[PDB]
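J.: In terms of the deposited numbering, the sequence shown has 30 at position 31, counting the first letter as 1, and numbering is strictly consecutive. Take this structure first; my questions come after.
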Amino acid sequence: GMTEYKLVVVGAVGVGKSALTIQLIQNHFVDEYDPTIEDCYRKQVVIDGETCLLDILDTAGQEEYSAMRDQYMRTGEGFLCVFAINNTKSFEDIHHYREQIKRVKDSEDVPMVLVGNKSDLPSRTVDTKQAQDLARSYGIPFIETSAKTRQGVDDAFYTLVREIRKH
Ligand SMILES: Nc1nc2c(ncn2[C@@H]2O[C@H](COP(=O)(O)OP(=O)(O)O)[C@@H](O)[C@H]2O)c(=O)[nH]1
Ligand SMILES: C[C@]1(c2nc(-c3ccc(N)cc3)no2)CCCc2sc(N)c(C#N)c21
Ligand SMILES: *SCc1nc2ccccc2[nH]1
Ligand SMILES: [Mg+2]
């Protein structure tokens, strides 16, 4: 029976969650993609010699702490916590996203990967060392990515699948 992996891509609006997901599924960089549209994607892949189905939720829209929104995010098995390396607030917001995940999953060891997106941009404001240290404190991997060039994209999602398998 082919295993399905439910991944949820989270992070501040504009960090590149939609661009990262479309790059993984369709292998192209979409410049303009409505910031309010939330959608699901599927991709069958082989990871470490095992065929599996990725079911990815590309989150969007306003902040909502309803019983229903909490139960929907509770269905996620692994979370890609994305920030943009050229926006310090998106990086500081990561503390909030992790605490919300920890709260709804009622667990301190939820499969998760920290992702620094837009590594193609020269206007960096978040130091790789600062991100690596935050990831160490949480005990999770840190993958730098660029949805524009495809740097680290397969690596970000496949790393999250491996975190779920071990868990
Ligand atoms: N240079 C660069 N721009 C990116 C990258 N990823 C996303 N963008 C741009 O950042 C903006 C927001 O991307 P989007 O995927 O809509 O972000 P979301 O709100 O997190 O889904 C768009 O103009 C994208 O083209 C990246 O890795 N590099
Ligand atoms: C999706 C997510 C979340 N989104 C936000 C957020 C913050 C600010 C803005 N502007 C937009 C969204 N903070 O956490 C993370 C995963 C776990 C849960 S549980 C739940 N009810 C969530 C919601 N909403 C969440
Ligand atoms: S829209 C189908 C769907 N719902 C999800 C929740 C969490 C992770 C992936 C998902 N896909
Ligand atoms: Mg989006």
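Every residue gets a Cβ at the ideal spot worked out from N, C-alpha and C, and that includes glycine.
For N26, is the classification buried or exposed, using 16 other Cβ atoms within 10 angstroms of its Cβ as the cut-off for buried?
T.: Counting Cβ neighbours within 10 Å, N26 comes out exposed, since fewer than 16 surround it.
J.: Compute the minimum distance between the beta carbon of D92 and the heavy atoms of ligand 4, and state whether it is under 7 Å.
T.: no
J.: Does the beta-carbon of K16, which I'm using as the reference point, lie nearer than 7 Å to any heavy atom of ligand 4?
T.: yes
J.: Taking only runs of the beta strand (DSSP E) that begin and end inside the stretch 37-94, which ones reach a length of at least 3 residues, in chain order?
T.: 38-46, 49-57, 77-83
J.: Between the stretch 35-53 and the stretch 84-98, are three or more C-beta pairs nearer than 8 Å?
T.: no
J.: Is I21 helix, strand or coil by DSSP?
T.: The answer is helix: DSSP assigns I21 an H, G or I state.
J.: For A59, which option in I163, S17, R161 has the closest C-alpha, if you only look at C-alpha atoms?
T.: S17
J.: Based on the DSSP secondary-structure assignment, which residues constitute the bridge partners of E143?
T.: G115
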